[PDB]
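Only one chain comes next, encoded as structure tokens, the form deposited in one PDB entry.
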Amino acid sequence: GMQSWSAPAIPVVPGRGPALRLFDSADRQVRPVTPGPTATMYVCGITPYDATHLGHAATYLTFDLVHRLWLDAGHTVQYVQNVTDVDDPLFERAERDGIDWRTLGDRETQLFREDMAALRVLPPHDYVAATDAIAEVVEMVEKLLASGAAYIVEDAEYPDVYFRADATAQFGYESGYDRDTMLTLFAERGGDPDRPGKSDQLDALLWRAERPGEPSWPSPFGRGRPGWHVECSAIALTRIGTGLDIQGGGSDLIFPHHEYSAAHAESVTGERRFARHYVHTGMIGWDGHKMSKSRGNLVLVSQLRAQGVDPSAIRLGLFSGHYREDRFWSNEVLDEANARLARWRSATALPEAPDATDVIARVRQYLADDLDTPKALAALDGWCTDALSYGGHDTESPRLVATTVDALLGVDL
């Protein structure tokens, strides 16, 4: 698809640890991740404004660990990620900024590429802009209308196309939310529960009819533009198929976004479950809200880099907390990450060190146990403190620890 970014070198660490076990948002429990020879991952990409904030970084670094752990286990990986380059919040920001929405989106997607490369994040194999996926959205809305899962609303001026929330009997399995909770979150996260003519308040926009002052594309259901959830449903389905191991993204995507994107794909395919695991993570700003320029809580990766922060310290700072805990950035967090990075660099610069077999095995076990980076970091702290306090006589373990931290954590010592 679009140009993404360059991968760093990935060293190969001899040996293997346990297979990855991951919490599944849908079943609300840790379950084994069991891919075929090619493991498949779709992670919802950015809406291209506000650069790469630390919420972005926390999300895509978490899936970088999965990517890296799959490669460590010998899997081939198919990583697909989108860009929501046409989007109502994007239009709003562009109008507020006095800039064209495509100039804004192109510029911010480029800043994302640069931050992802600086953070040494492994790139997706297919990087797909929403505007380049219109045809696949159209093909799949055609299928949804043919089966009756979708309908055109009775509105001559604005004949929007909607997906029936009861098109699948299992609608709601991924979030587990009841109707009242869905109504609240649907309204506050882009849905239109009060739109006249819908069969159910929870019916989701599939194709928004042409409006004055809005970009539009041709289609057999009239000129318009895609709904948000069917964009990612169609990209994931057409690129990966039904054998999706992981659907991932930020915390707020549990509902409505991933609930409907799964329901759209299960309805067209007849399959019971779109993805085997649903994985959510992110990070709030200082005020407990998602990071946004208009809140004055926005911390950008490029800001940290301009202040002289090592990108590996950003990774370590984000990894100091578990991805399903409420992570928060602060000066204290940055300071411990800087001190941890310097400590690790000291030990891996030693002429000789104690055997690294146990700590590498322990790091692999902790990462395999629902990405327990706090305990993996603590195990490395312990090996480093033993090497620096008491020493050892393996001339290879300093480099071997550095290469493992590189391959598995993306941290460059």
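Between two forms, the rigid core is the largest collection of C-alphas that superpose within 1.5 Å. All residue numbers refer to positions in the sequence shown, first residue = 1.
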item	value
Flanks modelled, residue 287 absent in at least a third of other entries	yes
Residue 89: gap in at least one third of other compared structures	yes
Of 316-324 and 187-195, the one with larger mean CA B-factor	187-195
Mean C-alpha B-factor comparison - 120-128 and 166-174, higher one	166-174
Selection from 107, 113, 272, 96 [criterion: highest C-alpha temperature factor in the record]	272
C-alpha B-factor winner, where the candidates are 292, 247, 233, 181	181
Position of residue 208 among the chain's modelled residues by C-alpha B-factor, lowest, middle or highest third	middle
Third of chain Cα B-factors occupied by residue 86	lowest
Residue 59 by Cα B-factor - lowest, middle or highest third of the modelled chain	lowest
Third of chain Cα B-factors occupied by residue 351	highest
Ranked C-alpha temperature factor of residue 278 among modelled chain residues, by third	lowest
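A second form of this protein, the form deposited in another entry, is not displayed here; the remarks below concern that form.
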{"query": "Position that moves between the shown form and the other one after core superposition, taken from 200, 188, 287, 180, with Cα shift of 2 Å or more", "finding": "287"}
{"query": "Core-aligned CA displacement of residue 52 at least 2 Å between the shown form and the other one", "finding": "yes"}
{"query": "Cα distance between residue 224 and residue 50, which in that other deposited form differs by 3 Å or more from this form, closer or farther", "finding": "closer"}
{"query": "Residue pair residue 50, residue 302 - Cα distance in that other deposited form, closer or farther (3 Å or more)", "finding": "farther"}
